Amino acid sequence: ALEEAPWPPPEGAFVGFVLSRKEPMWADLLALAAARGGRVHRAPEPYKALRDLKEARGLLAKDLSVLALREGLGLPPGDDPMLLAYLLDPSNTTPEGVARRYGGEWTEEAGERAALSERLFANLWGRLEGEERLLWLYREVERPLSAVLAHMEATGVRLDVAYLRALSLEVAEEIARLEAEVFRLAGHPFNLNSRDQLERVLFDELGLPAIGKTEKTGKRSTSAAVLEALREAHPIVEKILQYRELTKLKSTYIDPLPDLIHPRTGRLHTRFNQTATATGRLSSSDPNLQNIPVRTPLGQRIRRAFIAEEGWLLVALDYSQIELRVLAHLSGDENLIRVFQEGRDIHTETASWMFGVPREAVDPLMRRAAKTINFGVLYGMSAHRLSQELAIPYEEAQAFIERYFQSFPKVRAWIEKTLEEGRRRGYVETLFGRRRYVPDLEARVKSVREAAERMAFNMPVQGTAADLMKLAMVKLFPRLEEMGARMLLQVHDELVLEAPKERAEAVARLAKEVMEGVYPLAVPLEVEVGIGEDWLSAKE
DNA sequence: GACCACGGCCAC
DNA sequence: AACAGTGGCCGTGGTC
Ligand SMILES: O=c1[nH]c(=O)n([C@H]2C[C@H](O)[C@@H](COP(=O)(O)OP(=O)(O)OP(=O)(O)O)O2)cc1-c1cc2ccccc2o1
Ligand SMILES: [Mg+2]
Ligand SMILES: [Mg+2]
Ligand SMILES: [Mg+2]
């Protein structure tokens, strides 16, 4: 940890390493070091020294394991003090912040990162002695999960590049037509992408009324909620919303994604961040593949670009009404449990209410609208906003929210119990004991307290569902290798797999069973599954 | 070139 | 916009 011994290190040492850049699939490995006892080992040539390691044990283990897979080396991740910190407090999200909480410094030298990994592991493992529930989540979920994510990251997903490039041009021509239509209505040209320029045109030059203001700077907002509020008080607004949709999808997905294909795989490689969220969810970045478009007809065209290798099929599995089922288990609502022990669909039921139509005539776009509504209401939405999203008088929306919860009395009782317990203990917890600390529950400004309250009772629900999915991933991944299949993506309550066409149907059937039986609840988990040549087909 | 705050908006 | 929650990436506008 200050003293130096010749490479290689002894078995079980802690590793540090420096990458030329944050993405492991794209990084040059600039330095590799390892630490054990009172000694640090430094490698003369980093790529060769990788061959010597049996596992990756230390800070950001998964990242080094991914780079090793890229080179054809099986170097699974083992212990990672970031995972210990994240289980102790999920505000622990980066090495910089962990080190300056638990007794070190994160620099840019591999040998220091290795010596830091050594101490940070000893400190945090000691803080976890006696937290049997957190130790369980570390050994049975997070640590084995890191290996699953490393393989997902190194495998990647195939993308139809020539398609997206052709699509970029069709979208550009439609963007330019819309720009010209707005310029004409404004009587002049300007930067439609400049929020501040648009504000002035809409609210000063034209007379349009300003419905709301931005948070930090108090400017007149031009957000969709504001604009759609007057989608007919001027047609220009209508075109602006269509321009925004198109430019958003072009600059975020259509244009950048094609330029991210890796030269040695032919595929697109995301990163699955395991200590990035306050609830236990994963996140995805560089690029985010958890927010690929899907809701609009153009977003659908984009999602179709995600395709199976030649000779394989994509398999898509998605839990049914997942947080609603979890809520049933957590709250013990007899009436809510029943709903699911009878195969009812509350998303479909709210849509039938919303659109005045029998359950037989709800289509997939209707039910999507009802999902946002049902979860909006659930987690604390206000009567006022609902009346505005649903386009109905204030008093009509007040009432749905009343009936929504009368249905299931035990829910509000579980909310209040969770908060009281969170006020007493400092934190709220998932079914498996994952914690989120929420101090503001006893803040003296109502607005701050009530926000903390909404964050606080959402966490056990969203975080239990994430625990279940993570555990499902951990159980499923060994069965996929034995069938010659691959795990490609996770989108919170959804998995995408890639399987040989000859094994696709068996793989689907199997993955569904594992997901549904991951951890029986007081309510059955149902999983929808589809198979197709592309990401969209598989979700149908 | 690198970093940042902000408004805004995609997904779950 | 807002008494829904959880993320990450865009362009703009700005500094060093
Ligand atoms: O606005 C939201 N707020 C929120 O907190 N979530 C959470 C809660 C859900 O259980 C979980 C998984 O989401 P999801 O798989 O899409 O939905 P569900 O599992 O409940 O239902 P199903 O699979 O169709 O049967 O994500 C989702 C949405 C939402 C709204 C929407 C509209 C379109 C497409 C997806 C959507 O997602
Ligand atoms: Mg679902
Ligand atoms: Mg889903
Ligand atoms: Mg730069």
Side-chain angles (χ1 to χ4, degrees), chain A residues 90 93 191-199 209-230 240-241 244-257 270-273 276-296 298-299 302-303 318-319 321-323 327 368 371-389 394 397 401 404 415 428 436 438 446-463 465-466 469 489-494 535:
Chain A
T93 67
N191 179 4
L192 266 177
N193 299 318
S194 168
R195 194 230 80 85
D196 297 335
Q197 291 185 51
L198 179 62
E199 176 179 1
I211 310 167
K213 293 205 178 153
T214 58
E215 179 58 26
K216 307 272 174 195
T217 63
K219 291 176 173 166
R220 296 163 296 194
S221 169
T222 66
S223 74
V226 177
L227 297 188
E228 182 186 358
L230 44 74
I240 274 153
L241 300 168
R244 285 239 183 114
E245 179 191 352
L246 293 178
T247 52
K248 171 70 156 189
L249 299 198
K250 185 172 193 300
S251 65
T252 304
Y253 308 99
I254 300 169
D255 282 348
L257 293 177
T270 177
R271 306 176 65 199
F272 286 101
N273 309 298
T277 81
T279 61
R281 284 189 168 186
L282 304 179
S283 79
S284 170
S285 62
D286 310 296
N288 193 348
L289 294 184
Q290 293 184 323
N291 73 341
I292 302 302
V294 74
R295 299 187 59 171
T296 69
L298 174 65
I302 291 175
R303 181 153 291 201
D318 190 309
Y319 280 106
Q321 324 180 72
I322 180 58
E323 293 183 22
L327 183 65
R368 281 178 198 148
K371 295 205 282 190
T372 317
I373 292 306
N374 283 321
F375 295 118
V377 159
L378 172 59
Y379 291 121
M381 173 176 284
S382 81
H384 178 27
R385 162 167 184 184
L386 183 61
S387 73
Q388 306 290 137
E389 296 213 342
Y394 172 98
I401 295 170
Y404 196 109
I415 299 188
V428 293
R436 182 181 182 173
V438 199
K446 181 154 74 182
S447 63
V448 173
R449 186 172 62 249
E450 292 187 339
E453 290 180 346
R454 287 185 299 277
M455 303 187 212
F457 78 86
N458 165 267
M459 187 259 183
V461 181
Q462 176 190 125
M469 172 54 88
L489 308 168
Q490 188 252 46
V491 186
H492 305 125
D493 88 315
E494 168 187 355
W535 196 345

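Letters A, B, ... mirror the listed sequences (proteins, then strands); counts begin at 1. Heavy atoms only: backbone and side chains are in, while hydrogens, waters and symmetry mates are out.
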Between [options], which one does the side chain of [X] approach most closely?
| X | options | result |
| --- | --- | --- |
| A/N193 | B/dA11, C/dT12, C/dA2 | C/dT12 |
| A/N458 | C/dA4, C/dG5, C/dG8 | C/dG5 |
| A/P256 | C/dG7, C/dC10, C/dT6 | C/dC10 |
| A/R281 | C/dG8, C/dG13, C/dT6 | C/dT6 |
| A/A276 | C/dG8, C/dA1, C/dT12 | C/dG8 |
| A/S251 | C/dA2, C/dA4, C/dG11 | C/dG11 |
| A/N291 | C/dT12, C/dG5, C/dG7 | C/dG7 |
| A/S283 | C/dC3, C/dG8, C/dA2 | C/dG8 |
| A/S285 | C/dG8, B/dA11, C/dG13 | C/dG8 |

For [X] and [N], give me the distance from atom [atom1] to atom [atom2], rounded to whole Å.
| X | N | atom1 | atom2 | answer |
| --- | --- | --- | --- | --- |
| A/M455 | C/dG7 | CE | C1' | 14 Å |
| A/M469 | B/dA11 | CE | P | 18 Å |
| A/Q462 | C/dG7 | CD | P | 7 Å |
| A/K250 | B/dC9 | NZ | P | 19 Å |
| A/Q388 | C/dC3 | CD | P | 12 Å |
| A/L289 | C/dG7 | CG | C1' | 14 Å |
| A/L192 | C/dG11 | CG | P | 15 Å |
| A/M459 | C/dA4 | CE | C1' | 17 Å |

With sequence neighbours excluded, what pairs up with [X] under the salt bridge (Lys or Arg N to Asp or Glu O under 4.0 Å) test?
| X | answer |
| --- | --- |
| A/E389 | A/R385 |
| A/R271 | A/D63, A/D286 |
| A/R195 | A/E199 |

Distance between [atom1] atoms of [N] and [M] (Å, rounded):
| N | M | atom1 | value |
| --- | --- | --- | --- |
| B/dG7 | C/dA2 | P | 10 Å |
| C/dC3 | B/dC6 | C1' | 23 Å |
| B/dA5 | C/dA4 | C1' | 25 Å |

Assign A/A278 to base, sugar-phosphate, or nothing according to its heavy-atom contacts below 4.0 angstrom with the strands shown. sugar-phosphate

Is A/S284 touching bases, backbone alone, or none of the nucleic acid, heavy atoms closer than 4.0 Å? sugar-phosphate

Please lay out, stage by stage, how A/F272 and A/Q290 fare under the test side chain to side chain contact (heavy atoms under 4.5 Å, CB included). CA-CA 10 Å; A/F272 286 101; A/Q290 293 184 323; 4.2 Å; yes

Could I get the full list of ring-ring contact (aromatic ring centres under 6.0 Å, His included) partners for A/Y404, not counting sequence neighbours? A/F400

What does the list of N/O pairs under 3.5 Å between the protein and nucleotides 6-8 of chain B look like, with a distance for each?
| from | atom 1 | to | atom 2 | distance (Å) |
| --- | --- | --- | --- | --- |
| B/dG7 | OP1 | A/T214 | OG1 | 3.0 |
| B/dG7 | OP1 | A/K216 | N | 3.4 |
| B/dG7 | OP1 | A/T217 | N | 2.9 |
| B/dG7 | OP1 | A/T217 | OG1 | 2.7 |
| B/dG7 | OP2 | A/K216 | N | 3.0 |
| B/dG8 | OP1 | A/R195 | NH1 | 3.0 |
| B/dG8 | OP1 | A/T222 | N | 2.7 |
| B/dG8 | OP1 | A/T222 | OG1 | 2.9 |
| B/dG8 | OP2 | A/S221 | OG | 2.8 |
| B/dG8 | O3' | A/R244 | NH1 | 3.3 |
| B/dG8 | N2 | A/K248 | NZ | 3.4 |

For C/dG5, tell me north or south, taking a positive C1'-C2'-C3'-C4' torsion as north and a negative one as south. north

Per the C1'-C2'-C3'-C4' dihedral, where positive means north and negative south, the sugar of C/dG7 is north

What's the shortest heavy-atom distance between A/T372 and A/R295, and which atoms? OG1-NH1, 3.7 Å

Quick one: on DNA chain C, does A/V377 or A/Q197 contact a more 5' nucleotide (nearest heavy atom)? A/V377

Taking 4.0 Å as the cut-off, does a side-chain nitrogen or oxygen of [X] come that near to OP1 or OP2 on [N]?
| X | N | answer |
| --- | --- | --- |
| A/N288 | C/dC9 | no |
| A/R436 | C/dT6 | yes |
| A/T279 | C/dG5 | no |

Side-chain heavy-atom pair A/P293, A/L298 within 4.5 angstrom cut-off: no

Taking only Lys NZ, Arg NE, NH1 and NH2, and the carboxylate oxygens of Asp or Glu, determine whether A/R281 and A/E323 approach each other closer than 4.0 Å. yes

Set of side chain to side chain contact (heavy atoms under 4.5 Å, CB included) partners for A/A276, sequence neighbours left out: A/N273, A/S283

